[PDB]
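*Asks:* Before we start, here is the structure in question, set down as structure tokens.
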Amino acid sequence: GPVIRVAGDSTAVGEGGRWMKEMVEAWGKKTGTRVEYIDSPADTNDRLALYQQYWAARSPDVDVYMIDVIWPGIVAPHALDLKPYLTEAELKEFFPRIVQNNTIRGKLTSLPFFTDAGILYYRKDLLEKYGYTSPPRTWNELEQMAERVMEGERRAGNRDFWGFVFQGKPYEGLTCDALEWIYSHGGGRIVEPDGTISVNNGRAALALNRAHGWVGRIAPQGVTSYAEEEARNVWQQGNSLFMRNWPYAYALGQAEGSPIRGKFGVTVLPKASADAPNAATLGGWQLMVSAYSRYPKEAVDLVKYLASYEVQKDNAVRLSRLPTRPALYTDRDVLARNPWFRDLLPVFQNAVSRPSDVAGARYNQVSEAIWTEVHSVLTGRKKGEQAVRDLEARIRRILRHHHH
Ligand SMILES: OC[C@H]1O[C@H](O)[C@H](O)[C@@H](O)[C@@H]1O
Ligand SMILES: OCCCCC[C@H](O)CO
């Protein structure tokens, strides 16, 4: 019979790749269908380049791909339209924003699988130890707390201790972090949904200068090479007061044998002042059936199983990854395990998107300009003023002649 082959998630980031393979194997066993799991690299932009090799070849060697929220405009030609396979009632069980994101020129490219939003992780033991009663609401508070706790922990002998870790590597995760910095300073969305390239402004420049100010000070010098897992590792060993990261790190930090089990909370990221908007970059992954799959019916059946209530529930409970089904946010077992899903649902609802809708198939080019210019501020090569001017110019070139 058919072998249904899946590329999605990575064994190099948390438990995602291991769990994904488990769920695919479970479907294969339940249905009596042979399956195979193809592993991927950690970083989204590396995965995109890998999967583009299969798509360029029209390869039948992968039936189902797990695709990033930022990808539908890029990957649509390589997707089977899922619209004919779902009833309107079934499609409405997912958040409409994510279904809309995944729909390109009326083609439903992929089913929502898990969503994502950037959040602040904080050591509540350490805040209490240093006399703080709440996590920081502003970036200045974060920096003050980080300076004071670091001074204390270093003096007490922990030479590995930092105030803040985040994703500063030159890759897609930095565009995510940087959108949060920019938007939380009142600097806008880099490219607005209407197409206006708005990033050349003083608030965006301040946000990037502020981030430069952390590097080698409250954050390690090596932060400029950190992706999700590098940040998580410093944090999880107990060596950072704060971390910006996605929901998956919560369950990993609560696992038996984690040094920080029971010692942390999560909240919204800080912002520049009380009237700035809260920033949490929208992330998340979708399930696409390949336009090149020899087994579309079987592949659709697998994608509907993976996106189902019970599989998303297992992802929430075991991996602290955010459902794309509103009903799971009221599920007693989801909430008992992850009470912060209720607390931060409005943050997840108001998450700010990267400019993938407006850039469409040119999004990865836009993003590479963003992360490269941002990275030049983090390293002290450019000031934020120059970087936003240069970024404006690059994005204008990239998007010249691109409409809608
Ligand atoms: O590193 C950036 C990536 O992080 C997470 O995987 C998010 O879910 C994804 O949307 C984002 O592009
Ligand atoms: O693993 C599938 C979950 C079904 C649970 C619904 C439950 O009764 C919510 O309390």
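Just so we're on the same page: first chain in the structure tokens is A, next is B, and so on; residues restart at 1 for each chain, and ligands are numbered from 1 in the order they show up.
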Need to verify the contact set: range 11-22 of chain A, 8 Å, only C-alpha atoms, exclusion of same-chain residues closer than 2 positions in sequence. Can you return it as a list in words?
*Replies:*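 Listed by chain and then number, they are residues 8, 9, 24, 25, 26, 37, 39, 40, 41, 42, 228, 229, 248, 249, 252 and 319 of chain A.
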*Asks:* Using C-alpha atoms, can you export the residues from the last selection as a CSV table (one decimal), in the first residue's frame?
*Replies:*
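This went into out.csv:
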chain,number,residue,atom,x,y,z
A,8,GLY,CA,7.6,18.6,9.6
A,9,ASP,CA,9.1,19.9,12.8
A,24,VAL,CA,2.4,10.3,12.4
A,25,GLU,CA,3.2,6.7,13.6
A,26,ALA,CA,0.0,6.6,15.6
A,37,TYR,CA,9.1,10.7,9.0
A,39,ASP,CA,13.5,15.2,9.8
A,40,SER,CA,14.3,18.9,9.2
A,41,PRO,CA,16.8,21.5,10.4
A,42,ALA,CA,16.0,23.6,13.4
A,228,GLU,CA,15.4,29.5,20.1
A,229,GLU,CA,17.3,26.6,21.6
A,248,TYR,CA,7.1,25.4,23.8
A,249,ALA,CA,9.8,26.3,26.3
A,252,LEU,CA,10.4,21.8,28.7
A,319,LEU,CA,4.5,20.2,24.7
*Asks:* Please identify the helix (DSSP H, G or I) residues within range 117-276 of chain A (assignment by DSSP from backbone atoms) and present them as number ranges by chain.
*Replies:* A: 124-129, 139-155, 172-184, 202-214, 221-225, 228-236, 248-253
*Asks:* Residues of range 136-358 of chain A classed as strand (DSSP E or B) by DSSP on the backbone are to be reported as JSON, numbers by chain.
*Replies:* {"A": [138, 162, 163, 164, 165, 191, 197, 215, 219, 240, 241, 242, 243, 244, 245, 264, 265, 266, 267, 271, 281, 282, 283, 284, 285, 286, 287, 288, 289, 290, 322, 323, 352]}
*Asks:* With C-alpha atoms kept, could you save the residues just selected as a compact mmCIF listing (two decimals), in the first residue's frame?
*Replies:*
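Just written: selection-v4.txt:
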# COMPACT_ATOMS: atom_id res chain seq x y z
CA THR A 138 8.34 48.25 30.53
CA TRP A 162 22.75 36.76 32.77
CA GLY A 163 19.79 39.07 32.91
CA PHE A 164 18.14 38.37 29.52
CA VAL A 165 18.42 35.95 26.67
CA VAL A 191 5.95 47.03 6.39
CA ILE A 197 7.31 50.68 4.40
CA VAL A 215 24.35 42.85 24.10
CA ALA A 219 22.57 39.60 27.67
CA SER A 240 18.98 33.91 33.00
CA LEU A 241 16.46 36.08 34.88
CA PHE A 242 14.40 36.66 31.71
CA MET A 243 13.96 35.03 28.36
CA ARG A 244 11.98 35.94 25.29
CA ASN A 245 10.76 32.75 23.58
CA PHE A 264 9.18 30.55 36.57
CA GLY A 265 6.19 32.23 35.02
CA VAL A 266 5.28 33.80 31.69
CA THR A 267 3.68 37.10 30.79
CA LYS A 271 6.83 47.71 26.06
CA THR A 281 4.93 38.21 17.17
CA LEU A 282 2.50 35.76 15.61
CA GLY A 283 4.06 32.43 14.84
CA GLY A 284 2.82 28.91 14.28
CA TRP A 285 2.77 26.00 11.92
CA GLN A 286 0.27 24.64 9.38
CA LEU A 287 -0.19 21.29 7.65
CA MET A 288 0.08 21.21 3.85
CA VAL A 289 -0.61 18.32 1.50
CA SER A 290 1.86 18.40 -1.34
CA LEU A 322 -0.82 26.61 21.48
CA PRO A 323 -3.95 25.15 19.86
CA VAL A 352 1.32 41.18 15.65
*Asks:* May I ask which of the residues A:255, A:57, A:274, A:327 is the closest one to ligand 2, counting only C-alpha atoms and all ligand atoms?
*Replies:*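 Of the candidates, the smallest distance to ligand 2 is held by A:327.
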*Asks:* Would you pick out the contacts of residue 343 in chain A at 12 Å or less, using only C-alpha atoms, so that residues sharing its chain but fewer than 2 positions from it are not included, and give the list as a ChimeraX atom specification?
*Replies:* /A:119,265-268,329-330,335,338-341,345-349
*Asks:* Taking C-alpha atoms for each residue, export the selection above as a compact mmCIF listing (two decimals), in the first residue's frame.
*Replies:*
# COMPACT_ATOMS: atom_id res chain seq x y z
CA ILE A 119 6.23 35.84 25.47
CA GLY A 265 6.19 32.23 35.02
CA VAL A 266 5.28 33.80 31.69
CA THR A 267 3.68 37.10 30.79
CA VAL A 268 3.36 39.51 27.92
CA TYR A 329 -8.64 27.04 25.43
CA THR A 330 -11.59 26.09 27.63
CA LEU A 335 -5.95 24.67 31.37
CA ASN A 338 -1.12 25.35 31.31
CA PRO A 339 -3.11 27.98 33.24
CA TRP A 340 -1.31 30.72 31.44
CA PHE A 341 -3.08 29.73 28.23
CA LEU A 345 -5.14 34.22 25.28
CA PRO A 346 -5.81 37.92 24.59
CA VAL A 347 -2.04 38.35 23.91
CA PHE A 348 -2.18 35.46 21.49
CA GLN A 349 -5.32 36.97 19.84
*Asks:* Select from chain A every residue with an atom at most 7 Å from any atom of ligand 1, then for each give the shortest pair of atoms and their distance in Å to one decimal, using only C-alpha atoms and all ligand atoms, rows by chain and rising number, as a Markdown table.
*Replies:*
| residue | atom | partner | partner_atom_place_in_ligand_line | distance |
| --- | --- | --- | --- | --- |
| A:43 | CA | ligand 1 | 1 (O) | 5.8 |
| A:44 | CA | ligand 1 | 12 (O) | 5.7 |
| A:68 | CA | ligand 1 | 10 (O) | 5.3 |
| A:69 | CA | ligand 1 | 10 (O) | 5.4 |
| A:70 | CA | ligand 1 | 10 (O) | 6.6 |
| A:115 | CA | ligand 1 | 8 (O) | 6.7 |
| A:116 | CA | ligand 1 | 8 (O) | 5.2 |
| A:172 | CA | ligand 1 | 2 (C) | 5.0 |
| A:173 | CA | ligand 1 | 1 (O) | 3.4 |
| A:176 | CA | ligand 1 | 2 (C) | 6.3 |
| A:227 | CA | ligand 1 | 1 (O) | 6.8 |
| A:228 | CA | ligand 1 | 1 (O) | 6.6 |
| A:246 | CA | ligand 1 | 5 (C) | 6.8 |
| A:282 | CA | ligand 1 | 10 (O) | 6.6 |
| A:283 | CA | ligand 1 | 10 (O) | 3.2 |
| A:284 | CA | ligand 1 | 8 (O) | 3.7 |
| A:285 | CA | ligand 1 | 8 (O) | 5.9 |
*Asks:* Which residues form the shell of 9 Å around ligand 2 when you count only C-alpha atoms and all ligand atoms, given as an NGL selection string?
*Replies:* :A and (308-314 or 328 or 330-334)
*Asks:* With only C-alpha atoms as the basis for distance, which of A:235, A:250, A:113, A:171 is at the shortest distance from residue 366 in chain A?
*Replies:*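 Among the listed residues, A:171 lies closest to residue 366 in chain A.
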*Asks:* If I take CA of residue 34 in chain A and CA of residue 302 in chain A, how far is one from the other in Å, to one decimal?
*Replies:* 11.6 Å
*Asks:* Report, in Å with one decimal, the straight-line distance from CA of residue 278 in chain A to CA of residue 188 in chain A.
*Replies:*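 Separation between CA of residue 278 in chain A and CA of residue 188 in chain A: 11.6 Å.
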*Asks:* Counting only C-alpha atoms, which residue out of A:296, A:131, A:257, A:195 sits closest to residue 82 in chain A?
*Replies:*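 For residue 82 in chain A, the nearest of the given residues is A:296.
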*Asks:* Counting only C-alpha atoms, figure out which residue out of A:213, A:1, A:72, A:135 gets nearest to residue 106 in chain A.
*Replies:*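 The answer is A:72, which sits nearest to residue 106 in chain A.
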*Asks:* Taking into account only C-alpha atoms, which residue in the set A:58, A:325, A:404, A:383 is nearest to residue 97 in chain A?
*Replies:*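 Distance minimum relative to residue 97 in chain A lands on A:325.
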*Asks:* Looking at A:61, A:206, A:136, A:180, which one is nearest to residue 384 in chain A, with distances taken over only C-alpha atoms?
*Replies:*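 Looking only at the distances to residue 384 in chain A, the closest residue turns out to be A:206.
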*Asks:* Record the distance separating CA of residue 379 in chain A and CA of residue 143 in chain A, expressed in Å with one decimal.
*Replies:*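 Here the two named atoms are 18.4 Å from each other.
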*Asks:* Determine, counting only C-alpha atoms, which protein, DNA and RNA residues have an atom within 7 Å of an atom of residue 372 in chain A; residues of the same chain fewer than 4 positions away are not included. Present the result as an mmCIF file with C-alpha atoms, in the first residue's frame.
*Replies:*
data_model
loop_
_atom_site.group_PDB
_atom_site.id
_atom_site.type_symbol
_atom_site.label_atom_id
_atom_site.label_comp_id
_atom_site.auth_asym_id
_atom_site.auth_seq_id
_atom_site.Cartn_x
_atom_site.Cartn_y
_atom_site.Cartn_z
ATOM 1 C CA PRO A 170 20.802 36.345 11.777
ATOM 2 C CA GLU A 368 16.561 38.574 5.274
ATOM 3 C CA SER A 376 24.201 45.079 12.396
#
*Asks:* Would you mind listing what lies within 10 Å of residue 209 in chain A as a PyMOL selection string, with only C-alpha atoms counted and same-chain residues fewer than 4 positions away left out?
*Replies:* chain A and resi 203-205+213-214+374+377-378+380+382-385+387
*Asks:* Now that the selection is made, can you save its residues with C-alpha atoms as a PDB file, in the first residue's frame?
*Replies:*
ATOM      1  CA  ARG A 203      10.772  54.889  17.514  1.00  0.00           C
ATOM      2  CA  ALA A 204      11.984  51.903  15.421  1.00  0.00           C
ATOM      3  CA  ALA A 205      15.511  53.251  15.631  1.00  0.00           C
ATOM      4  CA  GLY A 213      22.331  48.132  24.596  1.00  0.00           C
ATOM      5  CA  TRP A 214      21.625  44.736  25.991  1.00  0.00           C
ATOM      6  CA  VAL A 374      18.887  44.447  12.780  1.00  0.00           C
ATOM      7  CA  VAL A 377      22.733  47.149  15.221  1.00  0.00           C
ATOM      8  CA  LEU A 378      23.038  44.304  17.764  1.00  0.00           C
ATOM      9  CA  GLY A 380      27.467  47.741  17.222  1.00  0.00           C
ATOM     10  CA  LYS A 382      25.389  50.466  12.811  1.00  0.00           C
ATOM     11  CA  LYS A 383      23.238  52.697  14.876  1.00  0.00           C
ATOM     12  CA  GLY A 384      19.500  52.115  14.743  1.00  0.00           C
ATOM     13  CA  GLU A 385      19.016  55.414  12.821  1.00  0.00           C
ATOM     14  CA  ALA A 387      19.911  50.750  10.045  1.00  0.00           C
TER      15      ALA A 387
END
